[PDB]
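J.: Encoded as structure tokens, here's the structure I'll be asking about.
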Amino acid sequence: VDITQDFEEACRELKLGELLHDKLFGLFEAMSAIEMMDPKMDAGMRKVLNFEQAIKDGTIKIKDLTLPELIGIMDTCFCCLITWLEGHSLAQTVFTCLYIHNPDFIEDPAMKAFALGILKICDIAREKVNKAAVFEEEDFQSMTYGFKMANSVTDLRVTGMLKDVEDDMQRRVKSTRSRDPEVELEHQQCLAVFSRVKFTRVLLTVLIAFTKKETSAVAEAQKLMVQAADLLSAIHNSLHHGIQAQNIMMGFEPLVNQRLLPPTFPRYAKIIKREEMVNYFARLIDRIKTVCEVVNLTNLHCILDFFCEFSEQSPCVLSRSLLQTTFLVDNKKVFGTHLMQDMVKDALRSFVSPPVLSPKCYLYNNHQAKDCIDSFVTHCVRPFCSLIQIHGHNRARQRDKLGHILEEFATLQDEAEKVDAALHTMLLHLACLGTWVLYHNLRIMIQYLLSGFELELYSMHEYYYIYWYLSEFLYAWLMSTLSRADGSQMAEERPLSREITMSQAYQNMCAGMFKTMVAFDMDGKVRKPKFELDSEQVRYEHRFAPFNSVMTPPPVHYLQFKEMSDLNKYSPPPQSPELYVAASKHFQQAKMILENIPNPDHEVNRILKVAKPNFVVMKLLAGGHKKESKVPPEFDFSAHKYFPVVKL
Amino acid sequence: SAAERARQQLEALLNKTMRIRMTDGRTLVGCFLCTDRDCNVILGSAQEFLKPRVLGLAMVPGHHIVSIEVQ
Amino acid sequence: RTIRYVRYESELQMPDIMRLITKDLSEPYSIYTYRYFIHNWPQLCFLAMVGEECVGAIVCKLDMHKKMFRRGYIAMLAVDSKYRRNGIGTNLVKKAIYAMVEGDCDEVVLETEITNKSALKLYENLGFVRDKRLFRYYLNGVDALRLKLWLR
Amino acid sequence: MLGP
Ligand SMILES: *C(=O)CSCCNC(=O)CCNC(=O)[C@H](O)C(C)(C)COP(=O)(O)OP(=O)(O)OC[C@H]1O[C@@H](n2cnc3c(N)ncnc32)[C@H](O)[C@@H]1OP(=O)(O)O
């Protein structure tokens, strides 16, 4: 029955701002209501046709496919796969290819083999990403929309099919190996198709090896990754042969998935162009090559350093998951060979060498001491897995998780202190495990503070007190911890020399930046909140709120911060000249400490690339240059993530 | 009293089918939950058949509907 | 030209707000979102009107979150293109902030696109602090920044 | 700009 006439008239006599919900629906379930009129709200709005209805229609080609059409289809499938790997939805990006809906109906061996290879690669990538679970809410969409992805044929059979397809094309390539332009074009197209098939097989084999439970197969993928370089060179050289799109290419239906789109607001992913396809795959191959070397490290600290260095590259979602899975193939076994407790014991012995873990002490064979140290290690096994998982996330979401991990690390520090005190009482070796936990806590705090610079969360007027906490308090504590660790190693007897040198350089640069910012404020070149009311005390307390959970080192409140960082303590108070001179001296010290370091790696070169230009600026500005100007200076963070270049 | 009677009838119209059939078709059915003086209707667990979609809560506006029907 | 700031009074002003927000904001808002924000917290919504038109609109919300601190929220801000750079938006945010602090608010939060440098400069001048980075938080694709103003 |  129709009641529109009786409904519109009734609704037109309302109170102009009155709703009709009865008793349990107010404005909140009414939020997120899909207004089915707007283009940006309603997800659903020639002829839409799926593969089954396209085979009979004839608009699709399922037999005797021309080489340029094959090249175009393969290239666009690669583009869709890369777009999915970049974080877009599966259904709207990769399954627009009508061939991978059901490869059984495909009769051409090359197209069917490539479709099965793409499906297997997608399945392996989804399994690895889900197992690691290092992806956030919007960095990956692993939902398959109820589709089936090559669950029938085994992966080894798919690789064999790809190999057979490549072998059936090698004969064609060699048959035309040689002045007829048409045969030259045919040979070039055949070579391009072979290159694409071979690269697909290489990538699938690399992922398969990463899916194996034996760590031996991981190292075997390096040769295939090397072959991928030449394969991609060929694939990029032969790119103007395939059939171009008409956006909509002959074979793809962009809107074939309309009943499977989520009911929420649409994001409308945009598939990338064919030009950038080759570059992304080369970068991914290089990233996987970097990942494959993680099975050689034997100690926990090197593993953590490698994880930090890899995450500093801002890698893709798939590669991080691969690294996480190859680090922890099981819930408790690292690399599938060593239990993590043994790894933590080895790390402790190499870093501080407590008497309990030393074979030459009477505490190794004791029953109570062994149980106590085993309990401590078992309690410590979890926070390190959590820390590595946090390192596996993206750059934006690392800060919050790092701030949250401090509670568990402080509990672990307290437990370590109690254990060490009890063991020392039993022995009669002081603060050994405490020193180790303090070093890890200080490293976490340092990285947490620097991630603020990395993500542009710190304002211009907030630099001067952020660098002070890094320089005078945190890195000063870190140097004491490393010196205590190095001292205890020799006292019970340099692996920590490089870390000590790097820490010294970082501390010197941070102190120089702090002095420069303080002098800039004193001159009047830094813009401050001109209005309203936001006390710097509240800003400081909320900036350093996560540090309140930890107890050692004690948190520094605003009242204590002013006393320590006050320039009035020096009699007479220093003018801006003096602060500029001090900053120049700090930069010179950092440059010398780096230049004296043998074999400078990539991390040293970038830091040298900011210390040198900033030192010249500090000396030039120390002479009174542009002293009367009140314009704010420009800080460029391109050279280094955490340390900007002071440009006037 | 006419306004009160109309409000009572509209309130009784809740918890029904209330098929929408907007100006582009889409044959929305769902369940009627609330309305306003602009004649826009919000639904719940609403499907959309072009020419099932299980939308969460449609908000079909006043100037996009043709005729509604309640079973 | 005299610019007058008038608080929200009745639903007759809703079409003025909707026109200003839609033509300026990028994300899509249904009319029920405006109705929720206006009806639940009418004391925090202010408009900038000249003559017999509307040139500004600020829509805000205030509600306790996690039963830990009463957090304020600036949900919508818009100034007409022909009238920007006259300090309309700054005064709108100032009045919203004063209303929130009169309502015993502990903090004020908001999001904005990182590419929108004008709003970032305005909030930094006013005293807001960048708190979190959100990748692809919007529909357009621009990474969003969560600005906070800690009061206590 | 309220974001989801
Ligand atoms: C989710 O709602 C919130 S995002 C806010 C909405 N963004 C948006 O694009 C819609 C509204 N945008 C605006 O038109 C503009 O960004 C507003 C909202 C800030 C309104 O502009 P106003 O003109 O009201 O801003 P002012 O009130 O003039 O003060 C702004 C401060 O920032 C500097 N500023 C402003 N626009 C600038 C441009 N284009 N370039 C440089 N600097 C700009 C102003 O100069 C002012 O600082 P002052 O030094 O002038 O005091």
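By order in the structure tokens, chains are A, B, ...; within a chain, residues start at 1; ligands start at 1, following the order shown.
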Using only C-alpha atoms and all ligand atoms, which residues of the polymer chains come no farther than 9 Å from ligand 1? I'd like the answer as a ChimeraX atom specification.
T.: /C:20-21,23-27,56,58-59,74-81,83-93,110-113,116-126 /D:1-3
J.: Using only C-alpha atoms, I'd like a table of the residues in region 13-87 of chain C that come within 12 Å of region 17-40 of chain B; for each, show the closest atom pair and its distance in Å rounded to one decimal, ordered by chain and ascending number, as a Markdown table.
T.:
| residue | atom | partner | partner_atom | distance |
| --- | --- | --- | --- | --- |
| C:30 | CA | B:40 | CA | 11.5 |
| C:31 | CA | B:40 | CA | 9.9 |
| C:32 | CA | B:36 | CA | 10.1 |
| C:35 | CA | B:36 | CA | 10.7 |
J.: DSSP on the backbone, then: every residue of region 294-413 of chain A marked alpha helix (DSSP H), written as a PyMOL selection string.
T.: chain A and resi 300-311+317-327+340-351+367-391+395-413
J.: Those residues you just picked out, can you put them in a file as an mmCIF file, in the first residue's frame with C-alpha atoms?
T.:
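The resulting file, selection_8.cif, is shown below:
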data_model
loop_
_atom_site.group_PDB
_atom_site.id
_atom_site.type_symbol
_atom_site.label_atom_id
_atom_site.label_comp_id
_atom_site.auth_asym_id
_atom_site.auth_seq_id
_atom_site.Cartn_x
_atom_site.Cartn_y
_atom_site.Cartn_z
ATOM 1 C CA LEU A 300 69.314 -9.460 20.033
ATOM 2 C CA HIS A 301 70.853 -5.975 19.938
ATOM 3 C CA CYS A 302 71.940 -6.276 16.302
ATOM 4 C CA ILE A 303 68.449 -7.540 15.436
ATOM 5 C CA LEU A 304 66.854 -4.522 17.120
ATOM 6 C CA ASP A 305 69.274 -2.151 15.388
ATOM 7 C CA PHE A 306 68.473 -3.761 12.033
ATOM 8 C CA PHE A 307 64.745 -3.417 12.699
ATOM 9 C CA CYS A 308 65.150 0.272 13.549
ATOM 10 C CA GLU A 309 67.310 0.924 10.479
ATOM 11 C CA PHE A 310 64.817 -0.868 8.232
ATOM 12 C CA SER A 311 61.832 0.988 9.692
ATOM 13 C CA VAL A 317 53.255 -2.870 4.397
ATOM 14 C CA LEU A 318 54.144 -6.208 2.783
ATOM 15 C CA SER A 319 57.885 -5.991 3.452
ATOM 16 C CA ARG A 320 57.431 -5.189 7.149
ATOM 17 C CA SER A 321 55.143 -8.201 7.515
ATOM 18 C CA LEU A 322 57.688 -10.395 5.732
ATOM 19 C CA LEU A 323 60.432 -9.193 8.084
ATOM 20 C CA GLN A 324 58.261 -9.801 11.150
ATOM 21 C CA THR A 325 57.270 -13.296 10.018
ATOM 22 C CA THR A 326 60.828 -14.295 9.111
ATOM 23 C CA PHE A 327 62.003 -13.027 12.503
ATOM 24 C CA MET A 340 64.080 -16.406 22.614
ATOM 25 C CA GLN A 341 65.115 -17.011 26.235
ATOM 26 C CA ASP A 342 68.527 -18.221 25.065
ATOM 27 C CA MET A 343 68.780 -15.142 22.844
ATOM 28 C CA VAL A 344 67.995 -12.839 25.774
ATOM 29 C CA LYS A 345 70.569 -14.655 27.914
ATOM 30 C CA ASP A 346 73.177 -14.239 25.170
ATOM 31 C CA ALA A 347 72.325 -10.544 24.834
ATOM 32 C CA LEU A 348 72.678 -10.051 28.594
ATOM 33 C CA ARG A 349 76.011 -11.886 28.654
ATOM 34 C CA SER A 350 77.342 -9.868 25.714
ATOM 35 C CA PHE A 351 76.115 -6.507 27.038
ATOM 36 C CA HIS A 367 69.276 -24.103 42.070
ATOM 37 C CA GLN A 368 67.582 -21.001 43.490
ATOM 38 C CA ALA A 369 69.661 -18.522 41.474
ATOM 39 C CA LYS A 370 69.020 -20.420 38.238
ATOM 40 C CA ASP A 371 65.269 -20.440 38.874
ATOM 41 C CA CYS A 372 65.291 -16.728 39.727
ATOM 42 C CA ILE A 373 67.218 -15.704 36.608
ATOM 43 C CA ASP A 374 65.029 -17.985 34.480
ATOM 44 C CA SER A 375 61.919 -16.314 35.903
ATOM 45 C CA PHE A 376 63.362 -12.882 35.123
ATOM 46 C CA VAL A 377 64.212 -13.895 31.548
ATOM 47 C CA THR A 378 60.754 -15.418 31.058
ATOM 48 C CA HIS A 379 59.167 -12.189 32.280
ATOM 49 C CA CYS A 380 61.446 -10.237 29.927
ATOM 50 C CA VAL A 381 60.676 -12.333 26.836
ATOM 51 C CA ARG A 382 57.316 -10.621 26.251
ATOM 52 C CA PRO A 383 58.179 -6.871 26.291
ATOM 53 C CA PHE A 384 60.885 -7.394 23.662
ATOM 54 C CA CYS A 385 58.473 -9.132 21.300
ATOM 55 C CA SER A 386 56.067 -6.247 21.912
ATOM 56 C CA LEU A 387 58.840 -3.723 21.199
ATOM 57 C CA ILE A 388 59.798 -5.397 17.919
ATOM 58 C CA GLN A 389 56.126 -5.541 16.933
ATOM 59 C CA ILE A 390 55.889 -1.808 17.675
ATOM 60 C CA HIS A 391 58.940 -1.259 15.471
ATOM 61 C CA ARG A 395 55.994 5.832 11.265
ATOM 62 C CA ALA A 396 52.863 7.675 12.413
ATOM 63 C CA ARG A 397 51.593 4.986 14.799
ATOM 64 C CA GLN A 398 55.002 4.171 16.287
ATOM 65 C CA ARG A 399 54.948 7.178 18.628
ATOM 66 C CA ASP A 400 51.841 6.216 20.606
ATOM 67 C CA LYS A 401 52.860 2.572 20.991
ATOM 68 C CA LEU A 402 56.359 3.602 22.070
ATOM 69 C CA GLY A 403 54.837 5.887 24.684
ATOM 70 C CA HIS A 404 52.597 3.065 25.891
ATOM 71 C CA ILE A 405 55.362 0.423 26.078
ATOM 72 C CA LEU A 406 57.097 2.405 28.826
ATOM 73 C CA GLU A 407 54.685 1.090 31.470
ATOM 74 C CA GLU A 408 55.632 -2.528 30.787
ATOM 75 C CA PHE A 409 59.303 -1.604 30.527
ATOM 76 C CA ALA A 410 59.157 0.193 33.894
ATOM 77 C CA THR A 411 57.507 -2.832 35.499
ATOM 78 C CA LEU A 412 60.300 -4.924 33.988
ATOM 79 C CA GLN A 413 62.875 -2.479 35.377
#
J.: Give the residues of chain A that lie within 12 Å of chain B; count only C-alpha atoms, and format the answer as JSON, numbers by chain.
T.: {"A": [1, 2, 3, 4, 5, 6, 7, 8, 9, 10, 11, 12, 13, 14, 15, 16, 17, 18, 19, 20, 21, 22, 23, 24, 25, 26, 27, 28, 29, 30, 31, 32, 33, 34, 35, 36, 37, 38, 41, 42, 43, 44, 45, 257, 258, 259, 260, 261, 262, 263, 264, 265]}
J.: List every residue of chain C that DSSP, applied to the backbone of this structure, places in strand (DSSP E), and write the result as number ranges by chain.
T.: C: 4-7, 46-49, 56-65, 69-79, 107-113, 129-134, 144-150
J.: Could you please take those selected residues and save N, CA and C atoms as a CSV table (one decimal), in the first residue's frame?
T.:
chain,number,residue,atom,x,y,z
C,4,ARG,N,29.5,41.2,12.6
C,4,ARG,CA,28.8,40.9,13.9
C,4,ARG,C,28.8,39.4,14.1
C,5,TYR,N,29.2,39.0,15.3
C,5,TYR,CA,29.2,37.6,15.8
C,5,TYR,C,28.0,37.3,16.6
C,6,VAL,N,27.1,36.4,16.1
C,6,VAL,CA,25.9,36.1,16.7
C,6,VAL,C,25.8,34.6,17.0
C,7,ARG,N,25.4,34.2,18.2
C,7,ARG,CA,25.4,32.8,18.6
C,7,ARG,C,24.2,32.2,17.8
C,46,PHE,N,28.7,29.4,16.9
C,46,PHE,CA,28.7,30.8,16.6
C,46,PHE,C,28.8,31.1,15.1
C,47,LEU,N,28.1,32.2,14.7
C,47,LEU,CA,28.1,32.6,13.3
C,47,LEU,C,28.6,34.0,13.2
C,48,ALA,N,29.3,34.3,12.1
C,48,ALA,CA,29.7,35.6,11.7
C,48,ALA,C,28.8,36.1,10.6
C,49,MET,N,28.0,37.1,10.8
C,49,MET,CA,27.0,37.6,9.9
C,49,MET,C,27.2,39.1,9.6
C,56,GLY,N,30.6,33.5,8.1
C,56,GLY,CA,31.4,32.6,8.9
C,56,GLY,C,30.5,31.6,9.7
C,57,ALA,N,31.2,30.5,10.1
C,57,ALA,CA,30.5,29.5,10.8
C,57,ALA,C,31.5,28.6,11.6
C,58,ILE,N,31.2,28.5,12.9
C,58,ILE,CA,32.0,27.6,13.8
C,58,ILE,C,31.1,26.7,14.5
C,59,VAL,N,31.3,25.4,14.4
C,59,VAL,CA,30.4,24.4,15.0
C,59,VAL,C,31.3,23.5,15.9
C,60,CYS,N,31.0,23.3,17.1
C,60,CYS,CA,31.8,22.7,18.1
C,60,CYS,C,31.0,21.7,18.9
C,61,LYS,N,31.7,20.8,19.7
C,61,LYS,CA,31.1,19.9,20.6
C,61,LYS,C,32.0,19.7,21.8
C,62,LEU,N,31.3,19.3,22.9
C,62,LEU,CA,32.0,19.1,24.2
C,62,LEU,C,31.4,18.0,24.9
C,63,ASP,N,32.2,17.0,25.2
C,63,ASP,CA,31.7,15.8,25.9
C,63,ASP,C,32.8,15.0,26.6
C,64,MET,N,32.6,14.5,27.8
C,64,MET,CA,33.6,13.7,28.5
C,64,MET,C,33.9,12.4,27.7
C,65,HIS,N,35.2,12.1,27.6
C,65,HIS,CA,35.7,11.0,26.9
C,65,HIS,C,36.5,10.1,27.8
C,69,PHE,N,38.7,13.2,31.2
C,69,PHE,CA,38.8,14.6,31.1
C,69,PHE,C,37.8,15.1,30.2
C,70,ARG,N,37.1,16.2,30.5
C,70,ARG,CA,36.1,16.8,29.6
C,70,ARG,C,36.8,17.4,28.4
C,71,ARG,N,36.7,16.8,27.3
C,71,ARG,CA,37.4,17.2,26.1
C,71,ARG,C,36.5,18.0,25.2
C,72,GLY,N,36.9,19.2,24.8
C,72,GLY,CA,36.1,19.9,23.8
C,72,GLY,C,36.6,19.5,22.4
C,73,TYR,N,35.7,19.8,21.4
C,73,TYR,CA,36.0,19.5,20.0
C,73,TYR,C,35.5,20.6,19.1
C,74,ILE,N,36.4,21.0,18.2
C,74,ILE,CA,36.0,21.9,17.1
C,74,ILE,C,35.7,21.1,15.9
C,75,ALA,N,34.5,21.0,15.5
C,75,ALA,CA,34.1,20.1,14.4
C,75,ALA,C,34.0,20.7,13.0
C,76,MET,N,33.6,22.0,12.9
C,76,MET,CA,33.5,22.6,11.7
C,76,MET,C,33.9,24.1,11.8
C,77,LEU,N,34.7,24.6,10.8
C,77,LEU,CA,35.1,26.0,10.7
C,77,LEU,C,35.1,26.4,9.3
C,78,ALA,N,34.4,27.5,9.0
C,78,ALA,CA,34.4,28.0,7.6
C,78,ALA,C,34.2,29.5,7.6
C,79,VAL,N,35.0,30.2,6.7
C,79,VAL,CA,34.9,31.6,6.4
C,79,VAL,C,34.8,31.8,4.9
C,107,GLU,N,40.5,20.2,27.7
C,107,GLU,CA,41.3,20.3,26.5
C,107,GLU,C,40.4,20.4,25.3
C,108,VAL,N,41.0,20.9,24.2
C,108,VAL,CA,40.3,21.2,23.0
C,108,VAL,C,41.1,20.5,21.8
C,109,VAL,N,40.4,19.7,21.0
C,109,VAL,CA,41.0,18.9,20.0
C,109,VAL,C,40.3,19.2,18.7
C,110,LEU,N,41.1,19.0,17.6
C,110,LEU,CA,40.5,19.2,16.2
C,110,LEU,C,41.5,18.5,15.2
C,111,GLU,N,40.9,18.2,14.0
C,111,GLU,CA,41.7,17.7,13.0
C,111,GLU,C,41.7,18.6,11.8
C,112,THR,N,42.7,18.5,10.9
C,112,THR,CA,42.7,19.3,9.7
C,112,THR,C,43.7,18.7,8.7
C,113,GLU,N,43.5,18.9,7.4
C,113,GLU,CA,44.4,18.4,6.4
C,113,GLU,C,45.8,19.1,6.5
C,129,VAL,N,48.8,23.0,19.7
C,129,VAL,CA,50.0,22.2,19.6
C,129,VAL,C,49.7,20.9,18.8
C,130,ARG,N,50.6,20.6,17.8
C,130,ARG,CA,50.4,19.4,17.1
C,130,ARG,C,50.6,18.2,18.0
C,131,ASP,N,49.7,17.2,17.9
C,131,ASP,CA,49.7,16.1,18.8
C,131,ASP,C,50.0,14.8,18.1
C,132,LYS,N,49.3,14.5,17.1
C,132,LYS,CA,49.4,13.2,16.4
C,132,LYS,C,49.3,13.4,14.9
C,133,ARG,N,50.0,12.5,14.1
C,133,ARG,CA,49.9,12.4,12.7
C,133,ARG,C,49.1,11.2,12.3
C,134,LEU,N,48.1,11.5,11.4
C,134,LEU,CA,47.2,10.5,10.9
C,134,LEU,C,47.4,10.3,9.4
C,144,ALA,N,46.0,13.8,7.9
C,144,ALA,CA,45.4,14.7,8.8
C,144,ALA,C,46.3,14.9,10.1
C,145,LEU,N,46.3,16.1,10.6
C,145,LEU,CA,47.0,16.4,11.9
C,145,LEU,C,46.0,16.7,13.0
C,146,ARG,N,46.2,16.2,14.1
C,146,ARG,CA,45.3,16.4,15.3
C,146,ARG,C,46.0,17.4,16.2
C,147,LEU,N,45.4,18.6,16.2
C,147,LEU,CA,45.9,19.7,17.0
C,147,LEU,C,45.2,19.7,18.4
C,148,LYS,N,45.9,20.0,19.4
C,148,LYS,CA,45.4,20.0,20.8
C,148,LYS,C,45.8,21.3,21.5
C,149,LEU,N,44.9,21.8,22.4
C,149,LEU,CA,45.1,23.0,23.2
C,149,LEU,C,44.9,22.5,24.7
C,150,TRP,N,46.0,22.2,25.4
C,150,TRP,CA,45.8,21.7,26.7
C,150,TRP,C,45.6,22.9,27.7
J.: Please, what distance in Å, to one decimal, runs between CA of residue 159 (chain A) and CA of residue 174 (chain A)?
T.: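 According to the coordinates, CA of residue 159 (chain A) and CA of residue 174 (chain A) are separated by 22.4 Å.
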J.: Could you pull the residues within 6 Å of region 514-519 of chain A, counting only C-alpha atoms, minus those fewer than 6 positions along the same chain, as an MDAnalysis selection string?
T.: chainID A and resid 464 467:468 576 579 583
J.: Please provide the set of residues having any atom within 9 Å of residue 4 (chain D), restricted to only C-alpha atoms, with same-chain residues fewer than 2 positions apart removed, written as a PyMOL selection string.
T.: (chain C and resi 137-139) or (chain D and resi 2)
